[PDB]
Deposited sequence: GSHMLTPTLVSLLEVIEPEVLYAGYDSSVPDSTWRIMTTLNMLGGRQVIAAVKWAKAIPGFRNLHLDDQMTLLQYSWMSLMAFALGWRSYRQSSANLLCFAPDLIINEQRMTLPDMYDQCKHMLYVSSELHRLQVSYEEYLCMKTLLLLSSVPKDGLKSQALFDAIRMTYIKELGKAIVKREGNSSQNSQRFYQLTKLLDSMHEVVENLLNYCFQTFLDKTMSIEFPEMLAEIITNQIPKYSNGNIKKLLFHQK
């Protein structure tokens, strides 16, 4: 059965391959720090989005594989939408408020490392600024976004989901009525607000398309982008059916 001569020959054998640090000369120190810091913050925000989703009335009664699925389809949409909002409220003019301690100005987002992406994240920020969305409006909207993408083969709790979704759509109406009145029916603000939601599909699809067109750019990458590659695991349909308020 097999064999090798000396004990050193064996210590030689089990000696492990060399590990790389994943350190590329080309990426500047500042680009690495910012993109590293976001990635780990992103990770933490996903954890928090799930915890949150698990607190959401209705949704939390949906079968767990539905919670999973919905979470998997919508986490980017959610997070991007909250970044829009954080930014909208920490602004006046055109920042991305990734965090309180990590706010990126307009000049930073100009650079080639930032530009393609921040176009799409600002788009959400500036639209919230355009429609002067209230917190109540946003809270309802953000929930609607969780329930915005469904698999074509059905959820396991479809009737619950449907009525859940309706409720939160009615809750959005109540949000607009809190801000407007109800001497009106608020049909245009409902069209405008829903339409922003509809567009988050695009801001997400553009963000994911960026991640694929940047993942491919890493030929030979000594520092392999599993962060930008894992983002392609949990997002890659096709089952995903986008629910649109306006076709």
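Taking the deposited sequence as numbered from 1, list the residue ranges that were left without C-alpha coordinates. In the chain as deposited, 1-2, 240-243, 254 carry no coordinates.
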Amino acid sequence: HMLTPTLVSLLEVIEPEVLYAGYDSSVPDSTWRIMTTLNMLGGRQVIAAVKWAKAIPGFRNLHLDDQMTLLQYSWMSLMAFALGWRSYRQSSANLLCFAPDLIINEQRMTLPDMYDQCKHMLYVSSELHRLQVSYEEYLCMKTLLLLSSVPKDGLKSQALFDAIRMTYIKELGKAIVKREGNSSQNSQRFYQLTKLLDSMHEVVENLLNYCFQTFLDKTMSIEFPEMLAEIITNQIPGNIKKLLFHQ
From here on, numbers count along this sequence of modelled residues.
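Which is higher on mean Cα B factor in this entry, 101-109 or 133-141? Result of the comparison: 101-109.
Taking only the CA atoms, which stretch has the higher mean B-factor in the record, 224-232 or 18-26? According to the PDB entry, the answer is 224-232.
For the listed 193, 50, 207, 41, which has the peak Cα B-factor recorded in the PDB entry? Going by the entry's C-alpha B-factors, 207 comes out highest.
Residue with highest C-alpha B-factor in the PDB entry, from 161, 168, 81, 115: Comparing C-alpha B-factors across 161, 168, 81, 115, the maximum falls on 115.
Chain third (lowest, middle, highest) by recorded CA B-factor, residue given as residue 70: For residue 70, the deposited C-alpha B-factor lands in the lowest third.
Is the Cα B-factor recorded for residue 32 in the lowest, middle or highest third of its chain? It falls in the middle third of the chain.
Lowest, middle or highest third: which one holds residue 218 when the chain's residues are ordered by CA B-factor from the entry? For residue 218, whose C-alpha B-factor we compare with every modelled residue in the chain, the answer is the highest third.
Would the CA B-factor of residue 95 place it in the lowest, middle or highest third of its chain? Highest third - that is where residue 95 ends up once the chain's C-alpha B-factors are sorted.
Residue 156's Cα B-factor: lowest, middle or highest third of the chain? Within its chain, residue 156 is a middle-third residue by C-alpha B-factor, going by the deposited values.
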